[PDB]
Amino acid sequence: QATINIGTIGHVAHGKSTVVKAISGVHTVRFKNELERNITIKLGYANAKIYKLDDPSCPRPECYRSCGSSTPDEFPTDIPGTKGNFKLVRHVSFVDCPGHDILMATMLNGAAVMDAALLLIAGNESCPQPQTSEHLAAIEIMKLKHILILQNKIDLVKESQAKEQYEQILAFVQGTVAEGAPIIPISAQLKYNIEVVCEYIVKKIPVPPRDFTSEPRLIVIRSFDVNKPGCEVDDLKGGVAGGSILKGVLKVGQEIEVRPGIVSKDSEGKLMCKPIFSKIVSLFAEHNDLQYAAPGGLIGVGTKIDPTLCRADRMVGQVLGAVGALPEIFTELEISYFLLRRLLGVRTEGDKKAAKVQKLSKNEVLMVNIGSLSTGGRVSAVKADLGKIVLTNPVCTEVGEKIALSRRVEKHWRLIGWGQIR
Amino acid sequence: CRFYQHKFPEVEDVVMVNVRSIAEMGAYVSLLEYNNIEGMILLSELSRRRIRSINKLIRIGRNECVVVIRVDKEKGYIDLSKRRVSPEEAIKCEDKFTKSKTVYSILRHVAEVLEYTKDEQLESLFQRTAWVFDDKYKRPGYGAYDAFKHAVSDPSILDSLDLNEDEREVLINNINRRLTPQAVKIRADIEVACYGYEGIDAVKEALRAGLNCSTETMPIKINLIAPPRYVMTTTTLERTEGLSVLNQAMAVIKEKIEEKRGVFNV
RNA sequence: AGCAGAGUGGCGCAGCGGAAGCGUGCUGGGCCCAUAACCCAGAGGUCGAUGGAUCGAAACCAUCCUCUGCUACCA
């Protein structure tokens, strides 16, 4: 099915299509297709069957040679082995996190359910690169360190200009685990070293310690509707709630709720909400049917929620625990937090605007990434280590793992620190 | 000849003539509502204001919605007006003549369908078919009584014009062949946008009963073109059957979604 | 993807079985000493395709082709 979740995370102007298909072969796609301007800004899915030929490449299903199509200038010829009915090692799953500075928040939601990351570095922009400072320290808080620094766009960028950047991005994430992350120089043009990289996504990224016997904690970050326009009356179905499960094996036919849910009718205050219970219609394994949803993987969990509950991606960051799920539904929230001394996620060649941020003031909205959830709320009483925020929607902490707090210092909320749920 | 039982236009008869050839003072234009009967225009009074041009690409063969000033039933001179015309807009008579060409052409073979055209016994051809409507009072009467005929499937073989061959080999196919009936198919949109988690099943439930009410009484095909939008294209041949297809759809959307407490738009 | 519109002279674009339309561009003459303004005449037709039901479709009627747009994406 899937046992791991590797994030394909990378900053602007490095290309996403030639590198994700090199490691997976299944393209990440959504609307506006009309695909993408520079790099993929959507939180897309990618799933594949990585294997070996007693050779650490990831071969194609035609596994005699690996003649890729990333350029016509030089013919990229790597030898992944030969034919002979390859042995299936494992099933690999990817979580394609957004890599622009504008979409930092949805990056934090999709990466909070994953198990691993790749750092896709362009050699084009500034060598003290801001998103490499952003993403890695964000990975450090979300209990992940499975990082492969993958310097992606150095094909026109010379070996001395590429030399400066991976040194200087590592110089600012010196308070972050990225020193156990190998820095792999590859080609987005010659599809090169993918026989070495897909070794590392097996080597550096094994199967994480994943709770199989626990309660199913699906956290949907992507909504899918099989009740598409062009359907009929006797073609009645549910809505597919497809996210990564971080805890507990999930079965077909399970009555699953969305535990943060919806506000009930005539809420004169803030505290009344009901989870939307739904029986699971099917479980997807990269092309294949199963009755089990082994967690630690991006699993298509088709549920019996309504067509409107999946006609848009409306379940971004929702704890879909089973019927009668334990974790509570908070609409006012007591947070403990720390504020990072660098305004992380934005830094130019003049080091703007990563200076020290003014403290949080009361009755000011701030994005909290609680568990893996995407919600915004104003703080009622703000202290140094005691934040009392009230949320516009009742949201569920799956567990008190981490929150990511951002302050609206510009057009988008920008990371000022992190914290935890008290 | 013509499907009018009357031969000639009357006084202040707004008539549709045919511009055959332009003549010395004007043009000897021939009526077509009444058979082929010639009338005249300018020198005297057809225009109202002065801009001093008549045509750029307008070649020949036009039709003029003109009002009879003088008619010579004996001598054969029909004086026509457009200067008097404040309300006699040309669009109404021509679209009536666009019918009345086909209303005539339906009723002038006939001569069980080949069709020929031409010719049967021309005056007796119309007393049996064309003028028997014009005999059937009133003149707004056979505006509908002829329309009762070429509403062909609503119904075919009802009220008289049981004359004369029998007529009925014409009345089945040659009405559909001469008119080539047009063109209405009425789309019927139902957009039901429920937003909770309860009433959205009632969208599917009123789609379920929407099939069933399209199965029981058999209106045609309540579809899903979108998860909120239920759009059917109702073909209409009886001029009232599209409302019965629509109102049985609206009755499901109003009540069955109210049973599970959802909202709708129709 | 299901959905809504058009296809027509170079263009604008008429039109519904007894019909390939005007409005513009387009060329020559007329008019004047000439221009402007203007008149006459010339040139411009797969009515997208397929065509059929047909006495004869452009129409009717369908289909597909093109454009316009949609739930906004549909494991």
Looking at A:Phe75, A:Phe31, can you tell me which residue is within 25 Å of A:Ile299 (Cβ to Cβ), outside the structural domain of A:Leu415 (by CATH) and outside any strand (DSSP E or B)? A:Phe31
What's the total number of residues in the stretch A:273-307 that are touching a residue at least 60 places away in the same chain (Cβ under 8 Å) and either more than 24 Å from the chain's Cα centre (by Cα) or within 14 Å of another protein chain (Cβ to nearest Cβ) (or both)? 6
Has the stretch B:98-120 got any residue that is more than 21 Å from B:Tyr4 (Cβ to Cβ) and either away from RNA strand C (no atom under 16 Å from the Cβ) or within 14 Å of chain A (Cβ to nearest Cβ) (or both)? no
Of those in the stretch B:169-209 that are more than 9 Å from RNA strand C (Cβ to nearest atom) and part of a loop (DSSP other than H, G, I, E, B), the residue nearest to the other protein chains (Cβ to nearest Cβ) is B:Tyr197
Quick check on my filter: what residues within the stretch A:242-290 are polar (S, T, N, Q) and within 24 Å of A:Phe94 (Cβ to Cβ)? A:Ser244, A:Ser282, A:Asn288
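Is it the case, given these coordinates, that A:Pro98 is assigned to a loop (DSSP other than H, G, I, E, B) and more than 16 Å from RNA strand C (Cβ to nearest atom)?
Values: assigned to a loop (DSSP other than H, G, I, E, B): yes; more than 16 Å from RNA strand C (Cβ to nearest atom): no.
Spelling it out, it is not the case that A:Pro98 is assigned to a loop (DSSP other than H, G, I, E, B) and more than 16 Å from RNA strand C (Cβ to nearest atom).
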State which residue is nearest to the chain's Cα centre (by Cα) when the search covers only the stretch A:206-230 and only residues that are touching a residue at least 60 places away in the same chain (Cβ under 8 Å) and within 14 Å of chain B (Cβ to nearest Cβ). A:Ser223
Quick check, is B:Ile60 of a type in the set (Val, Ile, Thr), within 16 Å of RNA strand C (Cβ to nearest atom), over 30 Å from B:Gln127 (Cβ atoms) and more than 14 Å from chain A (Cβ to nearest Cβ)? yes
Find the strands (runs of 3 or more DSSP E) located wholly in the stretch A:227-340 whose residues include 3 or more that are more than 23 Å from A:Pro394 (Cβ to Cβ), and list them. A:278-285, A:288-290, A:297-299
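Restricting to the stretch B:79-97, count the residues that are among the acidic types (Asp, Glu) and away from RNA strand C (no atom under 16 Å from the Cβ).
So the count comes out to 2.
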What residue, of A:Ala171, A:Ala181, is buried (at least 20 other Cβ atoms within 10 Å of the Cβ) and of a type in the set (A, V, I, L, M, F, W, C)? A:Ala181
When B:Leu246 is evaluated against the numbered criteria (1) within 30 Å of A:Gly261 (Cβ to Cβ); (2) surrounded by 14 or more Cβ atoms within 10 Å (Cβ to Cβ); (3) in contact (Cβ under 8 Å) with a residue 24 or more places away in the chain, which criterion, by number, is the only one it fails? (1)
Looking only at the stretch A:267-320, count how many residues are within 8 Å of RNA strand C (Cβ to nearest atom), among the hydroxyl-bearing types (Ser, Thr, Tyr) and under 24 Å from A:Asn47 (Cα atoms). 1
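So which residues in the stretch A:234-254 are within 14 Å of chain B (Cβ to nearest Cβ) and surrounded by fewer than 20 Cβ atoms within 10 Å (Cβ to Cβ)? Let's see the steps before the verdict.
Initial filter on the stretch A:234-254 (within 14 Å of chain B (Cβ to nearest Cβ)): A:234-241.
Correct list: A:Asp234, A:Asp235, A:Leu236, A:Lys237.
Cβ atoms come from the backbone with ideal geometry, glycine included; neighbour counts cover every protein chain shown. The values are calculated or read from the model by the stated rules, or taken from the named source; these are not laboratory values.
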